[PDB]
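In the UniProt record's numbering, the protein residues as written are 4 to 69, 72 to 81, 92 to 106, 109 to 316.
Beta carbons are placed, not taken as given, at the ideal position from N, Cα and C, and that holds for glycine.
I have placed the structure first, in the form of structure tokens, so that the comments after it can refer back to it.
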Ligand SMILES: [Mg+2]
């Protein structure tokens with residue numbers, strides 16, 4: 004079951020953890036997770052299946068034994096994501114399969130959370146994406162103030178009244194730390210962020226009809242911090258795919274693009290602060306909500 008593939012890239016070795024039932028496609032996604040080289044940019048030099056380049060659908064099981074996999078490829092400020100053109104808006110699931118649960122458990126076992134501030138009794142949990150969620154990561158700008166989504170700090174202060182806050186970005190931890198300083202979130206007098214999660218906490222899951230997708234599994238947090246669960250957790254992300262393994266707990270935020278043109282009109286965070294306050298005060302079980310209809314929630 005448990006398998007380790009050693010990948011050699013750019014003069015370094017990267018031990019990749021997976022199982023023998025994972026496919027080459029999953030391997031590519033785990034390689035991306037380790038190296039920041041995208042799956043489509045990876046040339047896997049010495050991975051043959053019956054004398055030929057193993058296809059993405061080949062299970063790891065069906066081949067080798069100690072071995073070092075040579076990968077040639079490049080990783081690009093073109094960081095993060097801007098859209099998912101294959102977003103399925105139909106209102109599941111492998112989100113309840115053994116394979117998925119085991120993937121969460123491995124993150125729970127191996128990923129080391131660095132607590133920046135402690136949980137507070139009775140609070141809900143808010144998880145926040147960064148790119149296009151809290152700021153415009155695609156525009157050039159001389160200051161962070163210019164790229165910041167309007168009402169960011171007022172939104173975080175309001176949320177913090179009722180929610181402990183976690184930041185989860187599909188990027189390196191370094192990028193997160195840098196942007197949180199740039200945006201003034203890192204050290205604010207009016208709120209605290211509990212911890213940050215990065216792309217290494219994410220998992221790659223095959224979703225039939227769709228292929229392998231990388232998601233942000235709230236189950237990792239829920240396993241480690243048992244005071245939170247789906248009944249009191251909500252996540253904001255502009256990319257719906259990120260909550261494919263916990264669809265009821267995600268709210269797809271409108272992306273904040275081209276700050277220079279839209280900074281004067283964007284008020285999504287103001288509106289969403291109202292939403293968060295209302296559900297924290299009026300909804301004892303968030304699973305009863307339809308977040309797609311958040312703008313019409315008036316208890
Ligand atoms: Mg984003």
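Take the Cβ of residue 196 as the centre, count every other Cβ of all protein chains shown within 10 Å, and call the residue buried at 16 or more, exposed below.
-> buried
Output the distance between the C-alpha atoms of residue 105 and residue 193, rounded to the nearest integer angstrom.
-> 31 Å
Work out the CA separation of residue 68 and residue 150 for me, nearest whole Å.
-> 43 Å
Output the boundary residues of the alpha helix (DSSP H) element that contains residue 2.
-> The structure shown does not extend to residue 2, since the chain is modelled only from 4 through 316, so no value can be given for it.
Can you give the Cα-Cα distance for residue 49 and residue 228, rounded to whole angstroms?
-> 23 Å
Rounded to whole angstroms, what's the CA-CA distance from residue 96 to residue 184? Just pull it up for me.
-> 16 Å
Could you give the DSSP three-state label for residue 132: helix, strand or coil?
-> coil
Cα-Cα separation between residue 46 and residue 79, rounded to whole angstroms | 10 Å
Shortest alpha-carbon distance to residue 134 belongs to which of 114, 213, 111?
-> 213
Should residue 217 be listed as close to ligand 1, given that the test is whether its C-beta is under 6 Å from any heavy atom?
-> no
C-beta contact flag for residue 172 and residue 248 at 7 Å = no
Expected contact under 8 Å - CB spacing of residue 235 and residue 144 to nearest Å | 7 Å
If we count the other Cβ atoms within 10 Å of its Cβ and call it buried at 16 or more, is residue 56 buried or exposed?
-> exposed
Determine contact between the region 271-291 and the region 156-176, defined as no fewer than three beta-carbon pairs at a distance below 8 Å.
-> yes
Tell me residue 17's beta-bridge partners as DSSP assigns them.
-> 10
On the three-state DSSP scale, how would you describe residue 213?
-> strand
Take residue 254 as the anchor and find which of 72, 61, 308 has the nearest alpha-carbon.
-> 308
What residue from 142, 233, 275 has the CA that sits closest to residue 256's CA?
-> 233
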